[PDB]
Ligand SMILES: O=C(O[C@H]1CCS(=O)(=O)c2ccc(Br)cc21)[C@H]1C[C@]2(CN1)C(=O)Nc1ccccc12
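This document opens with one chain alone, in structure tokens, the form deposited without the ligand.
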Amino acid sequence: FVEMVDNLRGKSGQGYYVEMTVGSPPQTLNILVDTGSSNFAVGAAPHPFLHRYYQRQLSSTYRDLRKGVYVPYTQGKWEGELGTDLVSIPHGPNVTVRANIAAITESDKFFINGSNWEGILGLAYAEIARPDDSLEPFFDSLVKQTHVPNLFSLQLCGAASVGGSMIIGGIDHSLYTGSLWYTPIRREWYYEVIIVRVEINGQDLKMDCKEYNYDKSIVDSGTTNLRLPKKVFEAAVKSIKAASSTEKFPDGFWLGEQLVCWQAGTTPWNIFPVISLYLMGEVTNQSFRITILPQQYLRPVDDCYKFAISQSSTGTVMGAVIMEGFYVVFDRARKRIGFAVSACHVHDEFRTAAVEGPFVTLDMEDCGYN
């Protein structure tokens, strides 16, 4: 699918977006690819931060649903008017579908000043769509209305400008090396998965794996960091702090309350441990592990970086920190997510991200939270 290669762009920390068109004639917009939500929402008014916006008055195929939607966040939020219209992805499958579209008429802390995107494409399932699971997510409409396979894959390459590929309806084997390894999608709402073991430099935290997924563990392209439950994060950092004991860093650093800087290319990468997450495999008692480097959780912001690992109350969230090291296949058809070493991931000549298996892991089910 050469046509779809390199169809993602963005700026460090501002997420990855793909070009899309909405309405008739087609109105072009850059839309954030978010596997962590399920609403297709686009700016529809002249907010100062927006390069452009959806103008419903110019679309002959626009249809009003006469319903509003308010989506609150920890601080900001977005609110819009629901409708449907014809949507297409220029550098994606050659098709056009009628999908729900929330026209954003008011928001706070949603749009980013200086960013180049005007909307968000929630690729998750209806269960978490707003206002409720009755609002059919875009991908569902795309598959239901066309012959596009129920699957998509993401290769986030993270470089201030970033790039990547979203292969819609398939897999592009040139984007990865080695074999793809699959972990089951526990439940179809967020792209939930189960982490069965966690290793730092090869030594595991030996913590009731159930904690690792309290109350969730998800794969989300819309989040920059690797979010971990408090308990897991506490021990996580504890081990990383011990591995990197070579140098001393402030407590704020580990809490993302302050940045850490190093002179021109003087970052002590080797001082930091690799993080290995073992994921539930496809077979009983079988697992595999994906391993990332500081290159992923120690990202640039001298050279100042922010610890890309943080705590959560919503569970584990495998964001760009994890994804930028692998080619990730969202195999909706088979309810599984595949990981393979990405052909574009950044690595030093000493350590490289990897996906290895099979491994024997017992009681993987006790890792899932109910």
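Under this definition, the rigid core comprises the largest set of C-alpha atoms superposing within 1.5 Å between the forms. Numbering starts at 1 and follows the sequence shown.
Participant: How big is the unmodelled gap, if any, between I271 and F272 relative to the deposited sequence? Choose none, 1 to 3, 4 to 9, or 10 or more.
Facilitator: Going from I271 to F272, the model skips no residues of the deposited sequence.
Participant: Per the entry, how many residues of the deposited chain go unmodelled between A333 and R334: none, 1 to 3, 4 to 9, or 10 or more?
Facilitator: Unmodelled stretch: none, continuous chain.
Participant: Report the stretch with the higher mean CA temperature factor, choosing between 229 to 237 and 118 to 126 on the basis of the entry.
Facilitator: Higher mean C-alpha B-factor: 229 to 237.
Participant: Looking at the deposited entry, does 217 to 225 or 194 to 202 carry the larger mean Cα B-factor?
Facilitator: Between 194 to 202 and 217 to 225, it is 194 to 202 that shows the higher mean C-alpha B-factor.
Participant: Considering only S287, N113, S276, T266, which residue's Cα atom bears the greatest B-factor as recorded?
Facilitator: Of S287, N113, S276, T266, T266 has the highest C-alpha B-factor.
Participant: Can you tell me which of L86, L82, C157, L298 has the highest Cα temperature factor in the record?
Facilitator: Of the candidates given, the C-alpha B-factor peaks at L298.
Participant: C-alpha B factor of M4, ranked within the chain: lowest, middle or highest third?
Facilitator: Middle third by C-alpha B-factor.
Participant: Quick one: classify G315 as lowest, middle or highest third of the chain based on its Cα B-factor.
Facilitator: CA B-factor rank for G315: highest third.
Participant: Considering only modelled residues of the same chain, in which third does the CA B-factor of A343 rank: lowest, middle or highest?
Facilitator: As the PDB entry reports it, the C-alpha B-factor of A343 lands in the middle third of its chain.
Participant: Would you please rank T361 by its C-alpha temperature factor against the other modelled residues of its chain and give the third it falls in: lowest, middle or highest?
Facilitator: Bottom third by C-alpha B-factor.
Participant: Name the third of the chain's ranked CA B-factors that contains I309, choosing lowest, middle or highest.
Facilitator: As the PDB entry reports it, the C-alpha B-factor of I309 lands in the middle third of its chain.
Although it is not shown, the form solved in complex with the ligand is what the next lines describe.
Participant: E81 near the ligand in the entry with it bound, any heavy atom under 4.5 Å?
Facilitator: No - in the entry with it bound, heavy atoms of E81 and the ligand never come within 4.5 Å of each other.
Participant: So in the entry with it bound, does any heavy atom of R130 sit within 4.5 Å of the ligand?
Facilitator: Heavy-atom contact with the ligand at 4.5 Å: present for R130.
Participant: Are any of the heavy atoms in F110 no more than 4.5 Å from a heavy atom of the ligand in the entry with it bound?
Facilitator: Yes.
Participant: Would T266 show up as a contact with the ligand in the entry with it bound if we use heavy atoms at 4.5 Å?
Facilitator: No, no contact at 4.5 Å.
Participant: Residues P184, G281 and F288 are flagged as a possible site; in the entry with it bound, is every one of them within 4.5 Å of the ligand by some non-hydrogen atom?
Facilitator: No: none of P184, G281 and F288 comes within 4.5 Å of the ligand in the entry with it bound.
Participant: Considering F139, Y212, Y190, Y176, which brings a non-hydrogen atom within 4.5 Å of the ligand in the entry with it bound?
Facilitator: Spelling it out, the residue with a heavy atom inside the cut-off is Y190.
Participant: Within 4.5 Å, heavy atoms only, which of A44, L50, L32, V341 is in contact with the ligand in the entry with it bound?
Facilitator: By the 4.5 Å heavy-atom cutoff, the listed residue in contact is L32.
Participant: Which is the contacting stretch out of 70 to 78, 204 to 212, 167 to 175, 232 to 240, given heavy atoms within 4.5 Å of the ligand in the entry with it bound?
Facilitator: Within 4.5 Å of the partner lies stretch 70 to 78.
Participant: Relative to the ligand in the entry with it bound, which residues of 111 to 125 have a heavy atom no more than 4.5 Å away?
Facilitator: Sequence-ordered list: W117, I120.
Participant: Please look at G178, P90, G76, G170 and say which one has a C-alpha shift reaching 2 Å or more between the shown form and the other one, core superposed.
Facilitator: By this measure, the answer is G76.
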